[PDB]
Amino acid sequence: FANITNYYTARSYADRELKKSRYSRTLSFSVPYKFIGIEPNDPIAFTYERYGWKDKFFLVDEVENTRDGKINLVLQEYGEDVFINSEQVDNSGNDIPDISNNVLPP
Amino acid sequence: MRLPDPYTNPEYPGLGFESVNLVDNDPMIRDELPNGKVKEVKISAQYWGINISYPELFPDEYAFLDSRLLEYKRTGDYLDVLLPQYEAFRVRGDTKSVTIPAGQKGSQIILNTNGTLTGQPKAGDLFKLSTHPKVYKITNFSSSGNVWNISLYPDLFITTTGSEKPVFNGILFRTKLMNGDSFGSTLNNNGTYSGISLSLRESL
């Protein structure tokens, strides 16, 4: 992490990434001109009865708009647990100041 | 410029249209969803396609027809094509005292005949405005007094400015000759020209 300096925030973000890595499954399909307005990172519930899917959570990853009113989509599977935060402990006592690089007085 | 037909030129009976083909060209994007609902999308314009076939042509008939076609290709004019089957005279009178309210951009013309026109147009006839060259077919007609409600197949290619005058008789297709890139006619040993076909397209 380049832009994160808080230890607990970085730990939470790493936990989120680890949770998000467990859902690696993408889906692509096309929809008619209706449903216009879909944008990436939008919540979509997929329901395909042939599979064991009933309102499965997905996030838009790729959206392509054509001039003949057809929208191509690529969904990315997510979960609810991705956005809940697990309890952590305090690293307050593990700080290591650099008190070196100077001459100690007598 | 008018295409030679046995109305203006009866001395050349071989110039008659042995068979015409009025082609309805309205390109659309048709998509069939798996739920059984077929959906269409229309963007491009509709243009009447006319295909003319000819019989064996004697040297004088072919000379006249070829001179006219070469004159067309020289001046870059527009061939006018007259279909006899669409020349039934129903509406008669003056089309200058009739008024068309402006702002009509849909697929329907509402005009006040002002009682100056006798007869009524029939569905399936040919209708055209005086300020635009596009040719329309009347799909429905309801008359309530002097105001007429004419319904046209192609959506109005122009927005009425209030100065347009309806034209019911003497309607010509402002066509442009296709397949003119490779245009030819074989002359047989018996002196008659064969294999002449005109694929025309309405270039409004």
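The numbers here are math on the coordinates, done by the rules we state, and not lab data. When we count neighbours, we look across all protein chains shown, and the Cβ atoms used for this are built from the backbone with ideal geometry, even at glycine.
Please give me, ordered by residue number, the GluC sites (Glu not before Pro) of the range B:13-91 that lie in loop per DSSP and have at most 13 other Cβ atoms within 10 Å.
Numbers: sites: B:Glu18, B:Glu32, B:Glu40, B:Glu56, B:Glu61, B:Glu71, B:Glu87; in loops: B:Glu18, B:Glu56, B:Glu87.
Here the sparse-neighbourhood loop sites are B:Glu18, B:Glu87.
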Quiz item: So what is the calculated 222 nm ellipticity per residue for chain A, using -39500 (n - 2.57) for each DSSP H run with n of 4 or more, over all residues, to the nearest 500 deg cm²/dmol?
Solution: -4500 deg cm²/dmol
Quiz item: Hey, what did chain A get for relative contact order, percent, Cα under 8 Å, at least 6 apart?
Solution: 26
Self-check item: Loop trypsin sites (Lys or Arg not before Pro), the range B:1-94, which have at most 16 other Cβ atoms in a 10 Å radius of their Cβ (DSSP)
Solution: B:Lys37, B:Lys42, B:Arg90
Quiz item: Radius of gyration and Dmax for chain B's Cα atoms, expressed in Å?
Solution: 20.1, 64
Practice problem: Rounded to the nearest Å, what's the spacing between the alpha carbon centres of the range B:142-179 and the range A:26-100? Just the number, please. | Solution: 54
Quiz item: How large, in Å, is the range B:39-121 by the Kirkwood hydrodynamic radius built from its alpha-carbon pairs?
Solution: 18.0
Self-check item: the range B:77-178, Cα convex hull volume normalised per residue, Å³
Solution: 105
Quiz item: Given chain A, what whole percent of its Cα pairs are spread farther than 22 Å?
Solution: 55
Quiz item: Once every DSSP H run of n ≥ 4 in chain B is given -39500 (n - 2.57) and the sum is divided by its residues, what mean residue ellipticity at 222 nm do you get, rounded to the nearest 500 deg cm²/dmol?
Solution: -3000 deg cm²/dmol
Quiz item: Rg and Dmax of the protein assembly as shown, Cα atoms, in Å?
Solution: 36.0, 131
Self-check item: Angle between chain B longest axis and helix B:59-75 axis [Cα atoms, degrees, rounded to 10]
Solution: 60
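Take every Cα pair under 8 Å in chain B that's 6+ residues apart, average their separations, divide by the length, and report that relative contact order as a whole percent.
Details: 400 pairs, mean separation 47.4, N = 204.
Dividing the mean separation by the residue count of chain B yields 23 percent.
Which entries in A:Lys70/B:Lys105; A:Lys34/B:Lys37; B:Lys105/B:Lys134; B:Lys42/B:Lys176; A:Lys20/A:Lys56 show an alpha-carbon gap greater than 20 Å? The partial results should precede the final answer.
Details: A:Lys70/B:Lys105 27 Å; A:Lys34/B:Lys37 13 Å; B:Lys105/B:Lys134 14 Å; B:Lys42/B:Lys176 24 Å; A:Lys20/A:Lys56 16 Å.
Too far apart for the 20 Å limit: A:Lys70/B:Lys105; B:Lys42/B:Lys176.
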